[PDB]
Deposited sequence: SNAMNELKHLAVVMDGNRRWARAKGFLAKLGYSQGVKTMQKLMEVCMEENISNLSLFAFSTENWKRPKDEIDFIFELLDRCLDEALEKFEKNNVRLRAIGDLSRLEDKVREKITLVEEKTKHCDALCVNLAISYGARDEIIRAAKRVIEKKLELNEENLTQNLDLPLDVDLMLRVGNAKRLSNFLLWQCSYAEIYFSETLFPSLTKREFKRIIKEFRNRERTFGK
């Protein structure tokens, strides 16, 4: 009854991968076209520099994994965010992996890096201005990094909040708080959560 075209997942940000593949594998069996993930926020730039270099160290390992395995598995990678804040090293690797995988049909992984929803909205507003378009919901929407509405917004962890992730896109997103101390989760419980989603009533106001 409900179509899940766009699934957005965020995991706890408190000061492993299996869950991520299980994640991607399921979006696929389920015919979920867009998977959106939150890696690094605009506000995260204020963290302690140690915590940051550590996160980009992880990120870098993730991107390497993307290059190797994304194309042959027919997965696409797209980076959203204010990417200009990023070091050239990462930025290049990103650009590369996007280009390598640009032609993948089976799933689209939207990776949010140096990303914030308020920044996105501001940037989108400007895109609109510089095209000499009327400022309205529709033109703004179409000029986001990610125009696509979120259907299911999924928090893997104990934090109850959006933390500046795809706000605009979430106006009518179904929200789901899946508690854990460990960003863990099972193929089935995903499918469980999904099932739940398809059945719950969406009125879009």
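A.B. asks: Please give the gaps, as residue ranges numbered from 1 in the deposited sequence, where no C-alpha is present.
C.D. replies: Comparing the full sequence with the modelled residues, the uncovered ranges come out as 1-3, 19-34, 225.
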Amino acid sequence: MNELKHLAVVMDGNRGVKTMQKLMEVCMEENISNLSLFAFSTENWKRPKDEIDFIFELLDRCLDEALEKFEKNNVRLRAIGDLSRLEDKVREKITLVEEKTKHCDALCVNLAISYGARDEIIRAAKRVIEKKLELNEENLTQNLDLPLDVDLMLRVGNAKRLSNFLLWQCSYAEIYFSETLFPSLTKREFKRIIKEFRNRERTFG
From here on, numbers count along this sequence of modelled residues.
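A.B. asks: Could you settle it for me: does 114-122 or 127-135 have the higher average Cα B factor in the PDB entry?
C.D. replies: Taking the mean B-factor of the alpha carbons in each, 127-135 is higher.
A.B. asks: Can you let me know which of the two, 44-52 or 142-150, has the higher average C-alpha B-factor in the entry?
C.D. replies: Mean B over CA atoms: larger for 44-52.
A.B. asks: Considering only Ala66, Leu35, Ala159, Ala39, which residue's Cα atom bears the greatest B-factor as recorded?
C.D. replies: Among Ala66, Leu35, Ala159, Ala39, the PDB entry lists the largest C-alpha B-factor for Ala66.
A.B. asks: Where does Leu77 sit by CA temperature factor within its chain: lowest, middle or highest third?
C.D. replies: Tercile = middle for this residue's CA B-factor.
A.B. asks: Relative to the other modelled residues in the chain, which third contains the C-alpha temperature factor of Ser178: lowest, middle or highest?
C.D. replies: Middle third.
A.B. asks: Where does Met28 sit by CA temperature factor within its chain: lowest, middle or highest third?
C.D. replies: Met28: CA B-factor falls in the highest third of its chain.
A.B. asks: Determine, from the deposited record, the chain-internal third of the Cα B-factor for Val17: lowest, middle or highest.
C.D. replies: Highest third.
A.B. asks: Using the temperature factors of the C-alpha atoms in this entry, rank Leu4 within its chain: lowest, middle or highest third.
C.D. replies: As the PDB entry reports it, the C-alpha B-factor of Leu4 lands in the middle third of its chain.
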